[PDB]
């Protein structure tokens, strides 16, 4: 969360397993596997997920509104990072399709 | 039954004045009053519930007071968008009845 | 948030029954109750009847014999039937929800459908 | 000094919780009382400070008589006897002065002649649960809790009138013994309205003064 | 920090436990949807083993298996900046037998407990001749008792000047060791604001309050 | 005798196991609804991890969790008096790739496997120009193979003269160690009568056949 230093709030990070549908509400995403992420305590939460060659969703939901004191802007942004948790297992090399 | 008499009939004040409006009950209601505002041919909105508490989006120009029977609402500064009808309503016991309804011309 | 609407006939026959169904959106019916308010140019505003969140109904004293209000929770509409439809019912009928922060006041309203008794 | 503030010395008292009259000839003269603590207001406040109680019970009855106005011819009556029947929760209940439910077997009852010591009896703690509950947020109707039903009492004469009727009164006393309390409560501020439930009218917090200073 | 149960994670950093004593996919931090604390607020309350039942798999355990023994723990935290002021009271009363507005009846079911939705207090009286409604004047706290004496129950002050959150642990308090859960509500969580929320112009006009319940050792 | 699993009890008194090797509320003896063996019968077959899925909580484990490893055991018993005669063949073929009646297509889904309902053989040919239907002439056994050579698979003879029942145990036979169960059927239970059922006049004209399946060690 690369926003202000004063503003707090709470976010859900719901991962939907494959086979199950995308949640269309805040409430049923809470029943699935998730993690509630706070802004005022820490500024970065870590979510791990398996990946393999629907098939899943990584939706994120407003838990509460973003309370911010006066003389601070309200609109804040959020980044996203991706790396491999454990070692992958690749096989049977081919050439890439990102070329002419 | 309990009756609500809204007083006075109508006003026509310029923009930016401090006006008052009141309405009277028949017996004790214990601040169970609600104020409403309806413009020309629209649905009314709620401004003050329980005779003191403003609504969520209503600005801080409006103000109400009163306890027992003599209740009143106070506008401190008029704007060009504040004309229309104004109703007071008790919600103490069935039957719920309204006031008469006033009007601001804003000449 | 999208608020409640209604859908009515608009035009009636004298000494008949009326049927206006009010359609809600977003909120439940076990947490709120609706309010039926008649807006008239001659008699002013008047309250007709409610159905509370528990299913119990209360009517106005002057319309005890002509009203019958019901609702459906999962289908999420209410139904009320005004009967005998006299000449003084030339008025626009409003549908409004109540219990604004648990205070029994009309928070948001329907669009209003004006009905007229006469041919 | 602290032994005057223990829970045992706070509740082991007595109070005239009931007062009823019954005559012998009027074909429906018999007294009837259901046991509940919520009868007298001053004891209900002292027991609603706690939520879960568990006590034995000890009842005494003081009975007196009074000669009703007869006709004539020098009425002379011998001593009276009184029968005090106790019904456990879930038993038969009489409805007239002469019924089958008085000569039943598993309803304990005493017999007491006048001019002697008053008839004390003692009831142990009868419940399927572990403790009485003076508060119950739940249905059985709301807030009844049919588990803590302690039973009823019934009184009548065991004589037939010969020349003059006699009415009689009774003042049932009440005394908990070996009390244990649990999970205390704040003391009830608003006045009592109805005996069966906890309803009330809203009232102010404290009798006012003129200003802050 | 960042405690987990089942498939849910809540991140924390004080605790106040019961009356001195300490209490398979049900062990997860349920989260009721947060309410908004405004200036003119009065208070909220949830009945405890009813708000879980209408939504969770714990409630799926309830409809198959009525009678149970449970032991709760409750997190309550509100996030606000340093510019807001006000004070809350988080208390968890057992056996809250509320009173009806009408003097002769008892309140109906849907007025005592919204299914995982907060019923709200008010600071006036209520009408009597209408229907079965809960007498919800706040200074008598619904039970006819003085609201100042409510701290004899297990409680914890939330004051936005220094403190920020409140965690409670409640053991199983009932007379019968096994009672049906569908007709009985043994606990009641109340949140009452004493010093009302005040702020200046420019800041956001409400503070959200999130309530997290997590049952521990549910026996069936 | 009277073995139990979960909340079900089956009472028995020989066993033939797999290819020599041996294989939480799912461990219960499921029972398909019994079929009737008449004189003019031809045979029945069930696809194995499809007949469990449409009905059981094992199937409730299937729709949440696709991929699994399972190991089955099958009881088959028919009760008849001493006056009936006839002989059955209970065999459990792995990877039964049946052939279509039309020469250019493959059969559709609802003809290869009724959900826990026995598909039936016949002793004629079938039509070709109609739809996707399974070629179900019994003497070629649906796979184009001679029906006399079918005993190379794990099998057990039911002969009503002496024997009465048949119990099989089948280990997990698949190439991939974890495959999706919704698009793959690895086992197939076939019951073919060789000597047809014959009786005199006066006795009851059909013998019921009950099939009891019980999965053991289902991993997910």
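Taken together, the values in this text are just the output of simple stated rules run on the coordinates, not laboratory data. All Cβ positions, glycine included, derive from the backbone under ideal geometry; neighbour counts span all protein chains shown.
Quick notes on this structure:
- Test result for residue E:110, more than 9 Å from every other protein chain (Cβ to nearest Cβ), more than 30 Å from residue A:74 (Cα to Cα) and surrounded by fewer than 22 Cβ atoms within 10 Å (Cβ to Cβ): no
- Restricting attention to segment C:15-58, the residues that are in contact with a helix residue (DSSP H, G or I) (Cβ under 7 Å, 6 or more places away or on another chain) and surrounded by fewer than 18 Cβ atoms within 10 Å (Cβ to Cβ) total 2.
- Of the residues making up segment E:183-220, those that are surrounded by 14 or more Cβ atoms within 10 Å (Cβ to Cβ) and either within 14 Å of residue E:68 (Cβ to Cβ) or touching a strand residue (DSSP E or B) at 6+ places or on another chain (Cβ under 7 Å) (or both) number 23.
- Given (1) facing another protein chain (nearest Cβ under 7 Å); (2) crowded, with 19+ Cβ neighbours inside 10 Å, number of the condition residue A:16 does not satisfy: (1)
- Residue check for residue D:105: surrounded by fewer than 14 Cβ atoms within 10 Å (Cβ to Cβ) and closer than 30 Å to residue D:183 by Cα: no
- In segment E:88-99 there is no residue that is under 28 Å from residue B:97 (Cα atoms), surrounded by 22 or more Cβ atoms within 10 Å (Cβ to Cβ), more than 7 Å from every other protein chain (Cβ to nearest Cβ) and in contact with a helix residue (DSSP H, G or I) (Cβ under 8 Å, 6 or more places away or on another chain).
- Matching residues in segment A:13-39 - criterion: being outside any loop (DSSP other than H, G, I, E, B) and in contact with a helix residue (DSSP H, G or I) (Cβ under 7 Å, 6 or more places away or on another chain): none
- Residues within segment F:140-167 that are in contact with a helix residue (DSSP H, G or I) (Cβ under 8 Å, 6 or more places away or on another chain) and closer than 17 Å to residue F:75 by Cα, tallied: 0
- Filter pass, residue E:176 being within 7 Å of another protein chain (Cβ to nearest Cβ) and either surrounded by fewer than 18 Cβ atoms within 10 Å (Cβ to Cβ) or at positive phi (or both): yes
- Against the numbered list (1) within 14 Å of chain E (Cβ to nearest Cβ); (2) surrounded by fewer than 18 Cβ atoms within 10 Å (Cβ to Cβ), residue D:161 comes up short only at (1).
- Top-ranked residue of segment E:179-206 - restricted to ones that are part of a strand (DSSP E or B) and within 14 Å of chain A (Cβ to nearest Cβ), ranked as nearest to residue E:76 (Cα to Cα): E:198
- Subset of segment C:1-14 [surrounded by 14 or more Cβ atoms within 10 Å (Cβ to Cβ) and touching a helix residue (DSSP H, G or I) at 6+ places or on another chain (Cβ under 9 Å)]: C:12
- Counting only strands (runs of 3 or more DSSP E) that sit completely within segment B:34-87, those holding 2 or more residues that are within 12 Å of chain C (Cβ to nearest Cβ) and buried (at least 19 other Cβ atoms within 10 Å of the Cβ) correspond to B:45-49.
- Test: residue D:23 is more than 30 Å from residue D:185 (Cβ to Cβ), surrounded by 13 or more Cβ atoms within 10 Å (Cβ to Cβ) and touching a strand residue (DSSP E or B) at 6+ places or on another chain (Cβ under 6 Å): yes
- Verdict on residue D:41 being within 14 Å of chain E (Cβ to nearest Cβ) and surrounded by fewer than 17 Cβ atoms within 10 Å (Cβ to Cβ): yes
- Residue within segment E:65-74 that is within 14 Å of chain A (Cβ to nearest Cβ) and either crowded, with 18+ Cβ neighbours inside 10 Å or not in a strand (DSSP E or B) (or both) present: no
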